[PDB]
């Protein structure tokens, strides 16, 4: 079945917080039809498949996420299933067209190396950029704390997107760094 939107990570007002906008029973049904009537808002969504929950990010008219979450699934829209606009397995990438209601982020051009990852829990965790696809956390966390966050953006200190969270670098079960698909790598895909 189709990937379904089931909430959003908000940074609209002042505070960073999750907003579940759908329940579970009524997930495994919209995922049958792919007709999502529910109101969608803003940049960072929570989407789910039957088995998994993870994030997805809109940057200039494309809702991006990870292929390792979404597989080759359509997404649910008010008009039916919306086919993937972009599907790179190697990168771990999947793009659809930005769903209706949404906002979209602006792609980062300031080349700052201070960044901010956004987990499914509404935590905006500091990350110092460390080259190409990678960043180091200022305060390491256990892996489990970040599972379900793939698809969320890394932001720069002015609101723009630098990439999309892909994987976490762990030893001992502890994450001191992460792997993301940089924005330069997205428009290359387009």
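Numbering follows the first chain given and starts at 1.
Chemist: Determine, for stretches 126-134 and 29-37, which one has the higher mean CA B-factor as deposited.
Modeler: Mean B over CA atoms: larger for 29-37.
Chemist: Report the third (lowest, middle or highest) to which the CA temperature factor of residue 77 belongs, ranking only the modelled residues of the same chain.
Modeler: For residue 77, whose C-alpha B-factor we compare with every modelled residue in the chain, the answer is the highest third.
Chemist: Check where residue 141 lands among this chain's C-alpha B-factors and tell me if it's the lowest, middle or highest third.
Modeler: Answer is highest: the recorded C-alpha B-factor places it there.
Chemist: Taking the C-alpha B-factors as the PDB entry records them, is residue 93 in the lowest, middle or highest third of its chain?
Modeler: Bottom third by C-alpha B-factor.
Chemist: Compare the C-alpha B factor of residue 55 with those of the other modelled residues in its chain, then answer lowest, middle or highest third.
Modeler: According to the entry, residue 55 has a C-alpha B-factor in the chain's lowest third.
Chemist: Consider only the C-alpha atoms of the modelled residues in this chain, order them by B-factor as the entry records it, and name the third containing residue 105: lowest, middle or highest.
Modeler: Middle third - that is where residue 105 ends up once the chain's C-alpha B-factors are sorted.
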